[PDB]
Amino acid sequence: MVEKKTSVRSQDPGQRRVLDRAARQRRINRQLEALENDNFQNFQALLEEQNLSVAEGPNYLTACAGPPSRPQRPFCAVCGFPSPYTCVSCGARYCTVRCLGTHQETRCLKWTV
Amino acid sequence: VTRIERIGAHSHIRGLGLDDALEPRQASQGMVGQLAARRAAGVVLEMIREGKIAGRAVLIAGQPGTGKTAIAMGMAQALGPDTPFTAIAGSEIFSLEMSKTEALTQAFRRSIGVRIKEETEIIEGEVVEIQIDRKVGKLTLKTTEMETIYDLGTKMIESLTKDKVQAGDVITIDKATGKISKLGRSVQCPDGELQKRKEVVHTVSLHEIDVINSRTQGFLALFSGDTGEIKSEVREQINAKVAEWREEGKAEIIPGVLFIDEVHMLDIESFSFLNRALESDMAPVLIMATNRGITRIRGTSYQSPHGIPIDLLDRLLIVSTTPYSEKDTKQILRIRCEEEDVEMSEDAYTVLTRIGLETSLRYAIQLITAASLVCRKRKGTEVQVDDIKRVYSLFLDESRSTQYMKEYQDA
Ligand SMILES: Nc1ncnc2c1ncn2[C@@H]1O[C@H](COP(=O)(O)OP(=O)(O)O)[C@@H](O)[C@H]1O
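Those sequence lines, one after another, are chains A and B.
Just so you know, we're using the working numbering here: the first sequence kicks off at 1456 and counts up by one.
Just so you know, we're using the working numbering here: the second sequence kicks off at 5 and counts up by one.
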């Protein structure tokens, strides 16, 4: 009988760990910076030199729109449909168990380094 | 082991034993013989399922105890659930908190159902952790396939803090209202999605609607606090609003059935009220039974058939039942024995049929269990003719006790 070789990359649940607030905020900031960027999946130094001589007044700082009044809507991260759920590990949202599984397999805590 | 509902005089009746063309079988679904009345009842049951015609009354008459109430229980069991079948005795309308006419119209309205459908998103999962910051808080719900966090409002976090804040409780969250209901210490945990959109269908009767919309804390339909509902605003407006729900995709009416047993107890007032209650578009279909022949109507000295006035008897159809023969009586007794845990011999069945045809049918049906318990005393297994005779001697009947009155008692 053919012996089906199994994978050895499985991780122990005793070693798997939940995430925190600072790392989630850094995730969000990185995702937004990537969405703003345009290259393979600099202006950082540009904005650094910019803020080097910025103050409070009629400028970019006091010109930014800011947060809106209508509350943030909970959209999904995998399929994009309305997501009433959240990921207890990282806080990501989802709408179905299939979406949760795809997130755990492809997104959950794998890009944070 | 033993439930509330136990073996009764009509427990064997599982419904009408009719075919696809409303043709009664010799003995099916616990109903024996009575072919004419059974096929006449199937027709009214079919047009009840139809519901396009309103205000029909079908009376059943014949000799006392000729399956008169059995046919009604069979009709009820065939109509099944999701279709109100209100059975009431002719005395139940005589009340002190409500007039007889008010009780009769109350029963008429209870015999009419209103179907309504809606969607609602419901949650069901095991609580994992809770936090409250004196106010807003957070919750963690779990199911066998997934978990999630929720930022709860003040009311929700308060309702959750009302219980044991630590894990263990498997709760349900009706997002519409948010009423919490902990099923137990995680009863097992649920499978599938945590939050699912469920369809909710309700068959609420017009009487329930009236009681709900008649008063603050209106739901007095649990103790009959509906004393004289105000027809001026309550019932007329409810009828109008039900007609508006109709033909708009909101609701649809489901006409029920009203079984008035022993209607000869009703009075001329109740009959005069029925004369017009059976003419309204919201009037349900009803059946009625009677044991008396041409007798006096309660209220005056008028001698009328069935104790029902002529102006109302002309407003209904009548179905006569034939007396049971040896075959029908024996088959009914056999069905009763099969419903019960008793088993009789062939000679025992013959003797019991003879005894139930000499005096009356109910007598044998009652002696069945007595003979079973008497044969169980001598340490036997089957009810024998000697046991049936022992019982026939111990317990008397109507005709043999009315003749033993050769010694004068009080009067
Ligand atoms: N056709 C039948 N099939 C089965 N059981 C019957 C039939 N006719 C009568 N019975 C039974 O015999 C008894 C007759 O009493 P019933 O007909 O209810 O008296 P009444 O209807 O006058 O109150 C009932 O317990 C009923 O269950």
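Where is the CB? At the ideal position from N, CA and C, for every residue including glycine.
DSSP three-state assignment for residue i, whether helix, strand or coil
| i | result |
| --- | --- |
| residue 1649(A) | In the structure as shown, chain A begins at 1456 and stops at 1568. Residue 1649(A) is therefore absent and cannot be evaluated. |
| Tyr-412(B) | coil |
| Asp-271(B) | strand |
| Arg-1479(A) | helix |
| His-206(B) | strand |
| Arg-42(B) | helix |
| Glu-123(B) | strand |
| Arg-114(B) | helix |
| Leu-198(B) | coil |
| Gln-307(B) | strand |
| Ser-163(B) | helix |
| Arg-302(B) | strand |
| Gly-78(B) | helix |
| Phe-1498(A) | helix |
| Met-1456(A) | coil |
| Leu-108(B) | helix |
| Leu-22(B) | strand |
| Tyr-396(B) | helix |
| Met-348(B) | strand |
| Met-286(B) | coil |
| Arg-219(B) | coil |
| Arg-280(B) | helix |
| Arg-1528(A) | coil |
| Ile-291(B) | strand |
| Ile-234(B) | coil |
| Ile-57(B) | coil |
| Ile-213(B) | helix |
Bridge-paired residues (DSSP) for residue i
| i | result |
| --- | --- |
| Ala-93(B) | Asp-265(B) |
| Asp-155(B) | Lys-142(B) |
| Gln-135(B) | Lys-142(B) |
| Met-150(B) | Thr-147(B) |
| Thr-176(B) | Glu-128(B) |
| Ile-258(B) | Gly-117(B) |
| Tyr-1549(A) | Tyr-1540(A) |
| residue 4(B) | Nothing in the structure corresponds to residue 4(B), since chain B is present only between 5 and 415. |
| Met-35(B) | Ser-32(B) |
| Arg-189(B) | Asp-173(B) |
| residue 444(B) | No statement about residue 444(B) is possible, as the shown extent of chain B runs from 5 to 415 and does not include it. |
| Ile-184(B) | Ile-177(B) |
Candidates the options, of which the one nearest residue i by Cα
| i | options | result |
| --- | --- | --- |
| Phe-98(B) | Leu-270(B), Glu-283(B), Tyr-353(B) | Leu-270(B) |
| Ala-180(B) | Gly-71(B), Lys-202(B), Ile-372(B) | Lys-202(B) |
| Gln-170(B) | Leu-22(B), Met-77(B), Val-131(B) | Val-131(B) |
| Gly-253(B) | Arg-189(B), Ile-120(B), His-268(B) | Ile-120(B) |
| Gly-1535(A) | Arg-1525(A), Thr-1517(A), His-1558(A), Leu-1516(A) | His-1558(A) |
| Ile-322(B) | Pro-28(B), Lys-72(B), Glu-402(B) | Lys-72(B) |
| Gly-229(B) | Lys-139(B), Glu-54(B), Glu-106(B), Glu-251(B) | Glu-106(B) |
| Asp-285(B) | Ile-8(B), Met-35(B), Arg-60(B) | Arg-60(B) |
| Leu-365(B) | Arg-340(B), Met-160(B), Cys-379(B), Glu-101(B) | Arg-340(B) |
| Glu-50(B) | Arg-114(B), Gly-260(B), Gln-135(B) | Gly-260(B) |
| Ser-403(B) | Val-246(B), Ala-375(B), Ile-359(B) | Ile-359(B) |
| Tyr-367(B) | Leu-398(B), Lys-381(B), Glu-342(B) | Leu-398(B) |
| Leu-317(B) | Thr-231(B), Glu-362(B), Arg-43(B), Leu-63(B) | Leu-63(B) |
| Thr-299(B) | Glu-342(B), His-268(B), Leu-290(B) | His-268(B) |
| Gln-1527(A) | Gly-117(B), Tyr-353(B), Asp-155(B) | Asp-155(B) |
| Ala-1532(A) | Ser-1465(A), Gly-1521(A), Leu-1555(A), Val-1568(A) | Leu-1555(A) |
Chain B residues whose Cβ lies nearer than 8 angstroms to that of residue i
| i | result |
| --- | --- |
| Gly-1469(A) | Those do not exist, as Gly-1469(A) stays about 17 angstroms from chain B at its closest Cβ, beyond 8 angstroms. |
| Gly-1546(A) | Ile-153 |
| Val-1552(A) | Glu-149, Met-150, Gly-196, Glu-197 |
Proximal residues of chain B, C-beta to C-beta of residue i below 7 angstroms
| i | result |
| --- | --- |
| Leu-1555(A) | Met-150 |
Neighbour list for residue i in chain B, Cβ cutoff strictly below 9 angstroms
| i | result |
| --- | --- |
| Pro-1537(A) | Those within 9 angstroms of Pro-1537(A) in chain B number zero; the least Cβ separation is about 11 angstroms. |
Listed by chain order, chain A residues near residue i by CB distance under 8 angstroms
| i | result |
| --- | --- |
| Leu-198(B) | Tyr-1540 |
Supposed close pair residue i, residue j - CB separation, criterion 8 angstroms
| i | j | result |
| --- | --- | --- |
| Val-215(B) | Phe-223(B) | 6 angstroms |
| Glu-128(B) | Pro-194(B) | 5 angstroms |
| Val-205(B) | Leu-187(B) | Rounded, the Cβ-Cβ distance is 23 angstroms, inconsistent with contact. |
| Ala-91(B) | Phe-277(B) | Contact flag wrong, Cβ pair sits at about 19 angstroms. |
| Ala-74(B) | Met-35(B) | 7 angstroms |
| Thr-333(B) | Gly-66(B) | The Cβ separation is near 15 angstroms, so there is no contact. |
| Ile-272(B) | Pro-313(B) | 6 angstroms |
| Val-387(B) | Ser-376(B) | 5 angstroms |
| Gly-21(B) | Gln-33(B) | 4 angstroms |
Neighbouring residues, chain A, relative to residue i (Cβ below 7 angstroms)
| i | result |
| --- | --- |
| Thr-144(B) | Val-1543 |
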